[PDB]
Amino acid sequence: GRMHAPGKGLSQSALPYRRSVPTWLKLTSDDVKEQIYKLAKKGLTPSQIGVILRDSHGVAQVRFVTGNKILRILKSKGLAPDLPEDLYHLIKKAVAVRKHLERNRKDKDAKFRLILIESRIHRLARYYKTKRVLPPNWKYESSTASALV
Amino acid sequence: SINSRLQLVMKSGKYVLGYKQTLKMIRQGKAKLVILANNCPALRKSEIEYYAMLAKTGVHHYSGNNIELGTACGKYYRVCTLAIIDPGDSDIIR
Amino acid sequence: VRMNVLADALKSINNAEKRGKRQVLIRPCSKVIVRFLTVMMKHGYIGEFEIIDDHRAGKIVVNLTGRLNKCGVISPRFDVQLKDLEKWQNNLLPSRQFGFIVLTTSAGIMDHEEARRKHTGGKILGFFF
Amino acid sequence: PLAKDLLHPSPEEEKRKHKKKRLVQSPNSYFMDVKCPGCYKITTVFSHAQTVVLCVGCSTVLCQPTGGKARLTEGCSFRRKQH
Amino acid sequence: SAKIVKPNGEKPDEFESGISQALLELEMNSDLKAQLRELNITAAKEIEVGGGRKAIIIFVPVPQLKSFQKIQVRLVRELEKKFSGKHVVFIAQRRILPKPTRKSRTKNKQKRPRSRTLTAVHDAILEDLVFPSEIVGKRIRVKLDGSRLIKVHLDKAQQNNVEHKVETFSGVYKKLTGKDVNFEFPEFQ
């Protein structure tokens, strides 16, 4: 029921049986990989691309259209970010909590939401150390964090 | 805000940090966004802000620090002024 | 969380047959589920179950009959060394006259009678009777 | 009660069930192939939009996003039917 | 005449010639051409069914399958009418690697992907058979004996093409794989 909160909710995405492309679609495995390509270039996260591609554009799921999933398309060409998008969203968040804690030293609430956030960082980190996308050294540091965003 | 755009310019585009290089890049004319901070002491403000106006370059008085700029540049350090020569995909330039 | 997918399922197919429910579905599904349910099919303990193939995990839908008093699950799969098999089937089944400790040996998943014919031990899963 | 033919559930009583709770998990969402008055061009908008869908042309803006489905702008059509 | 569109180590003349000659005959044809030059089969079999009226199964290399799909409906229509009294359908020639037991070990041997494992294969075989129909969902029976009978829900779009076939497919994997399956034509969502 979530990692760090009471709320035991469920709201998630859900795909069909069918996987084969849905025939509206023109494009083809190339023209999608041409487009993911240009969006990442412009500066968007692997999530954020998947977004643009569905609402405005056409692709239910990149994964089905092309062979592989978005990250692999960026990574095998070298547009992938330094660290995982998923993580620096937490780091960027932490640094934001840090900031106003450093002006407002009363906020007891912010002093989970930091501690929790710190803990959801470390936790993440130490698979990225076993799945080896991060080198076995990198570590948080409060000071060096603000830079890392 | 100009954390996100600036961040992107550092990675992808071209730049010159601080002074003298920045002022050279205005002299040369090849720099078309000078990002001052606040805390640039007010002579240098007016003499960069003037010395760019004449070139026809956009200036920014980033709500900054010297420091909140360094940190924003992915630099780890004090940068009062900077000049952007060429952006990446970033639409920092208008 | 879902640790053991039997206990999950078997609770919900004991726990229907009390209410007299005609048939039930079991949410997570597995190979081990199928393979231990097909054992229950032979001695009659249930009827024909028809596994849905949601693309991910699986669902099953078990035709029940009246006949199952209880099925349960021994949760840690202790290793049963054939000499112990008796001492278990003493204190885990209502009589020596029926009752089936499903377990999982070298030669597949099967009841205790069939591990005894082949003369193998292995890991206890559960029991229905 | 005592006889619900779970495997052959009548079409109505899956649509009154949360998407993942159904017999097979399917979505409750859709794309719509959208006209709009100025251009004849048709964009392939996904109901649940998140972003603002702009015209392949330019000027007009199709879909303000809200909580659930997207808010189509003023006077523009759509086409479910597929798959 | 025969050998030019069937290259894989397997010659055995009989049908493979006659069927490849019908492919070659479909090249003497406007638009149904050039796209057919690139393509190429491997092997083919005649297989009977319970009803009596046998079906011709055609295999394909695999990367070409996704190009055979563009032609398939137009292809079958023409060579089914030519090579008459028979049903025709395409399958990809997949490998099926054996499982590495410890017995059959890991001396070296590059992986063994999931694509190339067992249960992926006969499942992709399904998607090759009923190209026009496309699968919507499977259920899988277990009868009280233990005989595992699959049930495949196909869609509706190009049901008309496929509805007459059905018991050919039932006959088909039962030669190829060894599994007994009947097809159902259901509701929508």
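All chains are identified by letter, namely A, B, C, D and E, in their written order; residue positions are counted from 1 within each chain.
In this text, contacts are C-beta pairs under 8 Å (C-beta built on N, C-alpha and C of every residue); 3 or more make two chains touch, one makes a residue touch a chain.
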Completion exercise
Larger contact count among A-E and A-B belongs to A-B
Handout entry: Most central chain, judged by mean C-alpha position against the global CA mean
Key = A
Exercise for the section: Express in whole angstrom the distance between the two chain centres, defined as the mean CA positions of chain B and chain C. Expected result: 71
Practice task
Can you check how far apart chain A and chain C are, centre to centre, with Cα atoms defining each centre and the answer in Å?
Solution key: 42
Completion exercise
Cα centroid separation, chain C vs chain E, in Å, comes to 38
Practice task
Return the residues of chain B touching two or more other chains; collapse runs of consecutive numbers into ranges.
Solution key: none
Completion exercise
Residues of chain D that touch two or more other chains sit at 7, 24-26
Practice task
For chain C, jot down the residues that touch at least 2 other chains.
Solution key: 50, 52
Exercise for the section: Could you please specify the touching residues of chain D with respect to chain A in the complex? Expected result: 19-20, 24-27, 31, 33, 43-46, 49-51, 53-54, 63, 65, 70, 82-83
Completion exercise
In their shared complex, chain D is touched by residues of chain E numbered 137, 139, 187-189
Exercise for the section: Provide the residue numbers of chain A that touch chain E in the complex, in ascending order. Expected result: 17-18, 20
Problem - Complex interface listing, chain C residues touching chain D - result: 20-25, 50, 52, 54, 56, 59, 61
Problem - chain C-touching residues of chain E, taken from the complex the two chains share - result: 137-144, 146
